[PDB]
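Undergrad: One structure follows; several queries about it will come next.
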Amino acid sequence: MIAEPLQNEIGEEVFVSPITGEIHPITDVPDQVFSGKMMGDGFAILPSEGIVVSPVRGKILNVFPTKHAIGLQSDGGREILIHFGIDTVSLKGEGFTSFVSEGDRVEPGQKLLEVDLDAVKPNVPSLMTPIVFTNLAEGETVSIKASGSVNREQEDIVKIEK
């Protein structure tokens with residue numbers, strides 16, 4: 001009855017996969033806020049590609065204080081919070097390069113950050129890059145499909161669905 005494979009052909013819930021790496025449930029993130037969901041729903045990606053595109057750009061809501069994080073909005077319904085690795089904030093983004101100079105209103109994907117993961121990793125306790133969605137049209141559960149490896153710009157990886 002619980003038909004898990006609700007993948008769909010057009011399984012792109014305004015989500016052109018942001019990074020290539022390994023997906024992990026939000027709970028796995030070594031931080032209370034993320035681990036306990038606190039601000040919303042979401043998941044972690046342990047990244048590989050030092051190139052980060054956007055699930056949706058839509059409209060950049062807020063910039064990074066220390067290049068490691070950003071706030072986005074699709075249209076008016078899904079507001080997103082991103083964090084890139086852990087303690088990268090502390091690292092002052094030493095190895096980061098920001099592509100969006102947060103000119104808010106933009107179309108999806110197109111690189112948010114380029115980030116020297118290779119050099120960042122040894123300088124951080126964890127590479128967990130959590131993505132949280134707050135408002136989530138007050139009912140969108142973040143139905144993870146790709147409970148394993150993930151690749152950039154892919155579809156049917158996570159489904160924001162009721």
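Residues in the structure tokens are numbered from 1 in each chain, the chains being A, B, ... in the order shown, and ligands are numbered from 1 in the order shown.
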At a cut-off of 12 Å, using only C-alpha atoms, what residues contact residue 102 (chain A)? Leave out same-chain residues fewer than 3 positions from it and give the result as a PDB file with N, CA, C and O atoms, in the first residue's frame.
TA:
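Final file, selection06.pdb:
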```pdb
ATOM      1  N   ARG A  57      17.276  28.758  -7.623  1.00  0.00           N
ATOM      2  CA  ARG A  57      17.879  30.028  -7.269  1.00  0.00           C
ATOM      3  C   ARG A  57      16.619  30.808  -6.954  1.00  0.00           C
ATOM      4  O   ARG A  57      16.269  30.960  -5.787  1.00  0.00           O
ATOM      5  N   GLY A  58      15.892  31.206  -8.001  1.00  0.00           N
ATOM      6  CA  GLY A  58      14.580  31.798  -7.858  1.00  0.00           C
ATOM      7  C   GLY A  58      14.782  33.226  -7.419  1.00  0.00           C
ATOM      8  O   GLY A  58      14.741  34.145  -8.232  1.00  0.00           O
ATOM      9  N   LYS A  59      15.070  33.408  -6.139  1.00  0.00           N
ATOM     10  CA  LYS A  59      15.414  34.701  -5.612  1.00  0.00           C
ATOM     11  C   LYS A  59      16.324  34.471  -4.412  1.00  0.00           C
ATOM     12  O   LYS A  59      15.905  33.841  -3.440  1.00  0.00           O
ATOM     13  N   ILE A  60      17.566  34.971  -4.461  1.00  0.00           N
ATOM     14  CA  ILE A  60      18.440  34.862  -3.313  1.00  0.00           C
ATOM     15  C   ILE A  60      17.807  35.723  -2.219  1.00  0.00           C
ATOM     16  O   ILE A  60      17.529  36.898  -2.444  1.00  0.00           O
ATOM     17  N   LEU A  61      17.557  35.131  -1.054  1.00  0.00           N
ATOM     18  CA  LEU A  61      16.912  35.787   0.069  1.00  0.00           C
ATOM     19  C   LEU A  61      17.972  36.493   0.915  1.00  0.00           C
ATOM     20  O   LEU A  61      17.765  37.629   1.333  1.00  0.00           O
ATOM     21  N   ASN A  62      19.122  35.848   1.158  1.00  0.00           N
ATOM     22  CA  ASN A  62      20.195  36.466   1.937  1.00  0.00           C
ATOM     23  C   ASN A  62      21.551  35.843   1.622  1.00  0.00           C
ATOM     24  O   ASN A  62      21.624  34.679   1.231  1.00  0.00           O
ATOM     25  N   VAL A  63      22.610  36.637   1.801  1.00  0.00           N
ATOM     26  CA  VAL A  63      23.994  36.282   1.538  1.00  0.00           C
ATOM     27  C   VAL A  63      24.623  35.516   2.691  1.00  0.00           C
ATOM     28  O   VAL A  63      24.105  35.435   3.804  1.00  0.00           O
ATOM     29  N   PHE A  64      25.810  35.017   2.385  1.00  0.00           N
ATOM     30  CA  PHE A  64      26.718  34.357   3.281  1.00  0.00           C
ATOM     31  C   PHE A  64      27.425  35.394   4.160  1.00  0.00           C
ATOM     32  O   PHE A  64      27.927  36.379   3.623  1.00  0.00           O
ATOM     33  N   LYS A  67      30.921  33.323   3.452  1.00  0.00           N
ATOM     34  CA  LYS A  67      30.772  32.541   2.213  1.00  0.00           C
ATOM     35  C   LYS A  67      30.181  31.118   2.358  1.00  0.00           C
ATOM     36  O   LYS A  67      29.756  30.533   1.365  1.00  0.00           O
ATOM     37  N   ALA A  69      27.371  29.884   3.671  1.00  0.00           N
ATOM     38  CA  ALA A  69      25.934  29.667   3.786  1.00  0.00           C
ATOM     39  C   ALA A  69      25.181  30.671   2.943  1.00  0.00           C
ATOM     40  O   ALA A  69      25.735  31.709   2.622  1.00  0.00           O
ATOM     41  N   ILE A  70      23.924  30.405   2.606  1.00  0.00           N
ATOM     42  CA  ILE A  70      23.128  31.344   1.833  1.00  0.00           C
ATOM     43  C   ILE A  70      21.659  31.032   2.105  1.00  0.00           C
ATOM     44  O   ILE A  70      21.336  29.909   2.511  1.00  0.00           O
ATOM     45  N   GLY A  71      20.795  32.025   1.891  1.00  0.00           N
ATOM     46  CA  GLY A  71      19.355  31.909   2.058  1.00  0.00           C
ATOM     47  C   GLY A  71      18.711  32.145   0.696  1.00  0.00           C
ATOM     48  O   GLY A  71      19.027  33.147   0.056  1.00  0.00           O
ATOM     49  N   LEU A  72      17.831  31.247   0.244  1.00  0.00           N
ATOM     50  CA  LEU A  72      17.165  31.314  -1.058  1.00  0.00           C
ATOM     51  C   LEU A  72      15.649  31.262  -0.882  1.00  0.00           C
ATOM     52  O   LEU A  72      15.152  30.963   0.202  1.00  0.00           O
ATOM     53  N   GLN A  73      14.920  31.486  -1.975  1.00  0.00           N
ATOM     54  CA  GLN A  73      13.485  31.377  -2.091  1.00  0.00           C
ATOM     55  C   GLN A  73      13.218  30.992  -3.534  1.00  0.00           C
ATOM     56  O   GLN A  73      13.853  31.533  -4.434  1.00  0.00           O
ATOM     57  N   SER A  98      32.604  32.693  -4.333  1.00  0.00           N
ATOM     58  CA  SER A  98      31.171  32.850  -4.466  1.00  0.00           C
ATOM     59  C   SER A  98      30.820  33.319  -5.866  1.00  0.00           C
ATOM     60  O   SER A  98      31.373  34.312  -6.333  1.00  0.00           O
ATOM     61  N   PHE A  99      29.895  32.606  -6.503  1.00  0.00           N
ATOM     62  CA  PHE A  99      29.451  32.871  -7.855  1.00  0.00           C
ATOM     63  C   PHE A  99      28.241  33.796  -7.818  1.00  0.00           C
ATOM     64  O   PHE A  99      28.259  34.826  -8.488  1.00  0.00           O
ATOM     65  N   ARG A 105      16.753  37.830  -7.571  1.00  0.00           N
ATOM     66  CA  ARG A 105      15.938  37.243  -8.595  1.00  0.00           C
ATOM     67  C   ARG A 105      16.779  36.606  -9.718  1.00  0.00           C
ATOM     68  O   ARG A 105      17.337  37.322 -10.547  1.00  0.00           O
ATOM     69  N   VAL A 106      16.848  35.268  -9.764  1.00  0.00           N
ATOM     70  CA  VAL A 106      17.583  34.502 -10.772  1.00  0.00           C
ATOM     71  C   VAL A 106      16.903  33.169 -11.076  1.00  0.00           C
ATOM     72  O   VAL A 106      16.151  32.649 -10.259  1.00  0.00           O
ATOM     73  N   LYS A 111      25.552  27.764 -10.653  1.00  0.00           N
ATOM     74  CA  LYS A 111      26.560  27.847  -9.601  1.00  0.00           C
ATOM     75  C   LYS A 111      26.397  28.962  -8.560  1.00  0.00           C
ATOM     76  O   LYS A 111      26.566  30.142  -8.860  1.00  0.00           O
ATOM     77  N   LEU A 112      26.160  28.568  -7.306  1.00  0.00           N
ATOM     78  CA  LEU A 112      26.111  29.471  -6.167  1.00  0.00           C
ATOM     79  C   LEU A 112      27.540  29.754  -5.693  1.00  0.00           C
ATOM     80  O   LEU A 112      27.920  30.912  -5.512  1.00  0.00           O
ATOM     81  N   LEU A 113      28.316  28.682  -5.477  1.00  0.00           N
ATOM     82  CA  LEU A 113      29.680  28.707  -4.957  1.00  0.00           C
ATOM     83  C   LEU A 113      30.570  27.712  -5.727  1.00  0.00           C
ATOM     84  O   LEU A 113      30.088  26.683  -6.211  1.00  0.00           O
TER      85      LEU A 113
END
```
Undergrad: Give me the region 34-97 of chain A side of the contact with region 116-125 of chain A, cut-off 12 Å, one line per residue showing its nearest atom pair and distance in Å at one decimal, counting only C-alpha atoms, sorted by chain and residue number, as JSON lines.
TA:
```
{"residue": "A:46", "atom": "CA", "partner": "A:117", "partner_atom": "CA", "distance": 10.4}
{"residue": "A:47", "atom": "CA", "partner": "A:117", "partner_atom": "CA", "distance": 7.9}
{"residue": "A:48", "atom": "CA", "partner": "A:117", "partner_atom": "CA", "distance": 7.1}
{"residue": "A:49", "atom": "CA", "partner": "A:117", "partner_atom": "CA", "distance": 7.5}
{"residue": "A:50", "atom": "CA", "partner": "A:117", "partner_atom": "CA", "distance": 5.3}
{"residue": "A:51", "atom": "CA", "partner": "A:116", "partner_atom": "CA", "distance": 8.6}
{"residue": "A:52", "atom": "CA", "partner": "A:117", "partner_atom": "CA", "distance": 10.7}
{"residue": "A:68", "atom": "CA", "partner": "A:120", "partner_atom": "CA", "distance": 11.1}
{"residue": "A:84", "atom": "CA", "partner": "A:117", "partner_atom": "CA", "distance": 9.8}
{"residue": "A:85", "atom": "CA", "partner": "A:124", "partner_atom": "CA", "distance": 7.5}
{"residue": "A:86", "atom": "CA", "partner": "A:124", "partner_atom": "CA", "distance": 6.4}
{"residue": "A:87", "atom": "CA", "partner": "A:124", "partner_atom": "CA", "distance": 5.8}
{"residue": "A:88", "atom": "CA", "partner": "A:124", "partner_atom": "CA", "distance": 6.7}
{"residue": "A:89", "atom": "CA", "partner": "A:124", "partner_atom": "CA", "distance": 9.9}
{"residue": "A:90", "atom": "CA", "partner": "A:124", "partner_atom": "CA", "distance": 9.0}
{"residue": "A:91", "atom": "CA", "partner": "A:123", "partner_atom": "CA", "distance": 7.6}
{"residue": "A:92", "atom": "CA", "partner": "A:120", "partner_atom": "CA", "distance": 10.7}
{"residue": "A:93", "atom": "CA", "partner": "A:120", "partner_atom": "CA", "distance": 8.4}
{"residue": "A:94", "atom": "CA", "partner": "A:120", "partner_atom": "CA", "distance": 7.4}
{"residue": "A:95", "atom": "CA", "partner": "A:116", "partner_atom": "CA", "distance": 5.1}
{"residue": "A:96", "atom": "CA", "partner": "A:116", "partner_atom": "CA", "distance": 6.2}
{"residue": "A:97", "atom": "CA", "partner": "A:116", "partner_atom": "CA", "distance": 8.4}
```
Undergrad: So that I can check the surroundings of residue 77 (chain A), please list as JSON, numbers by chain every protein, DNA and RNA residue that reaches within 8 Å of it, counting only C-alpha atoms and ignoring chain neighbours fewer than 2 positions away.
TA: {"A": [73, 74, 75, 79, 135, 136, 137]}
Undergrad: Take the residues from that selection and put them in a file with N, CA and C atoms, as a short mmCIF file (atom, residue, chain, number, x, y, z; two decimals), in the first residue's frame.
TA:
```
data_model
loop_
_atom_site.label_atom_id
_atom_site.label_comp_id
_atom_site.auth_asym_id
_atom_site.auth_seq_id
_atom_site.Cartn_x
_atom_site.Cartn_y
_atom_site.Cartn_z
N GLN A 73 14.92 31.49 -1.97
CA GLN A 73 13.48 31.38 -2.09
C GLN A 73 13.22 30.99 -3.53
N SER A 74 12.27 30.09 -3.75
CA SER A 74 11.87 29.70 -5.08
C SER A 74 11.08 30.85 -5.71
N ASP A 75 9.79 30.93 -5.40
CA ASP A 75 8.88 31.98 -5.83
C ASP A 75 8.30 32.63 -4.58
N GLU A 79 11.41 28.53 0.94
CA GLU A 79 12.51 29.35 1.41
C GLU A 79 13.53 28.34 1.93
N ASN A 135 9.57 27.35 5.46
CA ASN A 135 8.15 27.48 5.15
C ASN A 135 7.58 26.20 4.53
N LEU A 136 8.24 25.64 3.51
CA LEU A 136 7.84 24.40 2.83
C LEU A 136 6.33 24.37 2.58
N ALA A 137 5.79 25.47 2.03
CA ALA A 137 4.37 25.71 1.77
C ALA A 137 3.48 25.09 2.86
#
```
Undergrad: I'd like the interatomic distance between CA of residue 104 (chain A) and CA of residue 13 (chain A), to a tenth of an Å.
TA: 20.3 Å
Undergrad: What does the distance between CA of residue 26 (chain A) and CA of residue 132 (chain A) come to in Å, to one decimal place?
TA: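 Computing the Euclidean distance for CA of residue 26 (chain A) and CA of residue 132 (chain A) yields 8.4 Å.
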Undergrad: May I have the residues within 7 Å of residue 17 (chain A) as a PyMOL selection string, using only C-alpha atoms and disregarding those fewer than 5 positions away in the same chain?
TA: chain A and resi 54-55+151-155
Undergrad: Suppose we keep N, CA, C and O atoms; can you now write the selection as a JSON list (two decimals), in the first residue's frame?
TA:
```json
[["chain", "number", "residue", "atom", "x", "y", "z"],
["A", 54, "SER", "N", 22.38, 25.32, -7.62],
["A", 54, "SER", "CA", 21.27, 25.57, -6.70],
["A", 54, "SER", "C", 20.10, 24.62, -6.96],
["A", 54, "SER", "O", 19.86, 24.32, -8.13],
["A", 55, "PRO", "N", 19.33, 24.18, -5.95],
["A", 55, "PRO", "CA", 18.14, 23.37, -6.18],
["A", 55, "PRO", "C", 17.15, 24.21, -6.99],
["A", 55, "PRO", "O", 16.61, 23.78, -8.00],
["A", 151, "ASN", "N", 24.15, 13.43, -7.69],
["A", 151, "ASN", "CA", 24.90, 14.13, -8.73],
["A", 151, "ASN", "C", 24.22, 15.46, -9.01],
["A", 151, "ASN", "O", 23.01, 15.58, -8.84],
["A", 152, "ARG", "N", 25.00, 16.46, -9.43],
["A", 152, "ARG", "CA", 24.52, 17.78, -9.78],
["A", 152, "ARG", "C", 23.45, 17.74, -10.88],
["A", 152, "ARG", "O", 23.48, 16.88, -11.75],
["A", 153, "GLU", "N", 22.54, 18.72, -10.85],
["A", 153, "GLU", "CA", 21.50, 18.98, -11.83],
["A", 153, "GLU", "C", 20.52, 17.83, -12.06],
["A", 153, "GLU", "O", 19.64, 17.95, -12.91],
["A", 154, "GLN", "N", 20.63, 16.72, -11.32],
["A", 154, "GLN", "CA", 19.72, 15.60, -11.48],
["A", 154, "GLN", "C", 18.34, 15.93, -10.92],
["A", 154, "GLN", "O", 18.16, 16.89, -10.15],
["A", 155, "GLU", "N", 17.38, 15.10, -11.32],
["A", 155, "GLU", "CA", 15.97, 15.15, -10.99],
["A", 155, "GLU", "C", 15.63, 13.90, -10.15],
["A", 155, "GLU", "O", 16.44, 12.98, -10.08]]
```
